[PDB]
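A quick write-up on the structure given underneath.
Sequence lines set the chain letters: A, B, ... in the order given, protein chains first and strands last, and positions in each chain run from 1. We count ligands from 1, going down the list as the structure has it; atoms in each ligand are counted the same way. As a basis for the values below, the full set of heavy atoms in this structure was taken, side chains included, without hydrogen atoms, waters or symmetry mates.
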Amino acid sequence: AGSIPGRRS
Amino acid sequence: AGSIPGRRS
Amino acid sequence: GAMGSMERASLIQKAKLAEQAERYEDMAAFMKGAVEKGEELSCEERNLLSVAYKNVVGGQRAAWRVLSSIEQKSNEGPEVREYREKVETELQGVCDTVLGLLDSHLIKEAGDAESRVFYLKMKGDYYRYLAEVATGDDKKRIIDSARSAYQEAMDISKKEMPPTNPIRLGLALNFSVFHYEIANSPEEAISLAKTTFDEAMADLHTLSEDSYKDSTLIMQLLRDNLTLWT
Amino acid sequence: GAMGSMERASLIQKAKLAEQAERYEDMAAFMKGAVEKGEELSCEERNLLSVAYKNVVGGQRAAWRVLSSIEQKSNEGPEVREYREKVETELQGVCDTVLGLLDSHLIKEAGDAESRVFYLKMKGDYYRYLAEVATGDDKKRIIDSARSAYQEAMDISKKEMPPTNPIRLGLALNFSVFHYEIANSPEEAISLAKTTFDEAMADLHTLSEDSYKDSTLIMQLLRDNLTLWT
Ligand SMILES: *Cc1ccc(C(=O)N2CCC(C#N)CC2)cc1
Ligand SMILES: *Cc1ccc(C(=O)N2CCC(C#N)CC2)cc1
Ligand SMILES: [Cl-]
Ligand SMILES: [Cl-]
């Protein structure tokens, strides 16, 4: 299950 | 130019 | 703290440089210093804070899972357990640091829906990460702390944001992962992801091309989980 | 040091776990503690030490290059220079730490060709990394320190190791990169890589299938550079 990748911004 | 990758052992 | 002598704007600028250099520990320390200046964070600044700590704890979680897997295979010297405990303690420390920033004093000063939902989603996420490694007497309280933060964020997002809002969608995505992975409620997880996806689909017609791209990107993450879960 | 109370064997075991968890800073600290126990390192242990610090300084070098590139574009506030200097100082500290371990006392206790060449190659590499960021009054001395270490390693390897020995081949590879990238001697770099490749090719017939695979893997790295340089 994937959460928000949210690794790039 | 590549040196020894040497990142895995 | 360690960053007390640096200008707020310099901390923000260096956080952006650290992201470009993939130096996420530095990025998190710079953004921690920016938060501790005491001013509210802009939309962009909130993203920098979140990206920094998500990367840091993401690496810790991946390491913890490798070591927990090795540890379980061995229980089928003390070193594997000791090193897993070391990584676990470091992860808990980072989660506590983020939760401390939200509690002192990001959340209480956040009055707009976009900022308040963003911070409460973060609070749910970092309690979820604590729950992933929790075993003892506080596992249930940690789980309920995650649930309570996610639930408050959901209530606000449903009242104040359109169904396609990327923060609303990502909140529902992560709350659904909480239901599936932490709360042992896969039916709740599937129902939340489905209802979230369907209500966003029906709102896409209102969006510009760029907003459409932002929303459909997160909707695909919901769809990916539904495909895995059904 | 920080690892003085842990058993040597536990430090080695945890270094291997850290590698599996991709926790290279931990791996390097564990192997630093193992070295400081004062006993010589086995072949496997030398590889753990080298892999750990190569990964750590590799990330620092990649970050330094990103920031140096941004800094040069800006010179066509002080923050980019300040943060590049911070990363640079951290990289120099890691290089100094590795060079300190080689000098106290890995190299002086290394009597076998395989160990002595391995450590001298390391010494050349970490002076080469210092040379990559050096500008001021010591850039020439740092360069000569790299050259001297590589040269001593080459002299021993030519006398004591077959032309297909992977350490001999990797030493020649990195010395050729030193010639090309640091010493402004591309013809020396090309000549070294060519002669190294050709002498290894002529010795492949002596090898087992597994040794053949080990040697041809490094020979391809020499070939890749020759293709880039000619
Ligand atoms: C909590 C949260 C929700 C949504 C976003 C967001 O819009 N993005 C991050 C992930 C990226 C992908 N894939 C797209 C942009 C951030 C945080
Ligand atoms: C200095 C040095 C030389 C050779 C090796 C080595 O044999 N390996 C590391 C790189 C890897 C690849 N590609 C193959 C194995 C290590 C260190
Ligand atoms: Cl440990
Ligand atoms: Cl800085």
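Listed by atom number, the atoms of ligand 1 under 4.0 Å from C/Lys121 heavy atoms are 1 (C), 2 (C), 3 (C), 17 (C). Heavy-atom contacts of C/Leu217 reach the following atoms of ligand 1: 12 (C), 13 (N), 14 (C) (cutoff under 4.0 Å).
A salt bridge links C/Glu132 and C/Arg61; the closest N-O separation between the charged side-chain nitrogens and carboxylate oxygens is under 4.0 Å.
For B/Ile4, the closest heavy-atom approach to ligand 2 falls below 4.0 Å.
Considering D/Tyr129, D/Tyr150, D/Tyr127 in turn, D/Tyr150 is the only one that fulfils the ring-ring contact (aromatic ring centres under 6.0 Å, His included) rule with D/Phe178. The residue from C/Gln92, C/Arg84, C/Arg65 that alone fulfils the side-chain contact (heavy atoms from CB on, under 4.5 Å) condition with C/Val133 is C/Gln92.
Summarising the contacts of atom 10 (C) of ligand 2 with B/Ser9, B/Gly6, B/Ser3, the nearest heavy atom is found in B/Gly6.
Under the side chain to side chain contact (heavy atoms under 4.5 Å, CB included) criterion, D/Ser42 pairs with D/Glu44, D/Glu45, sequence neighbours left out.
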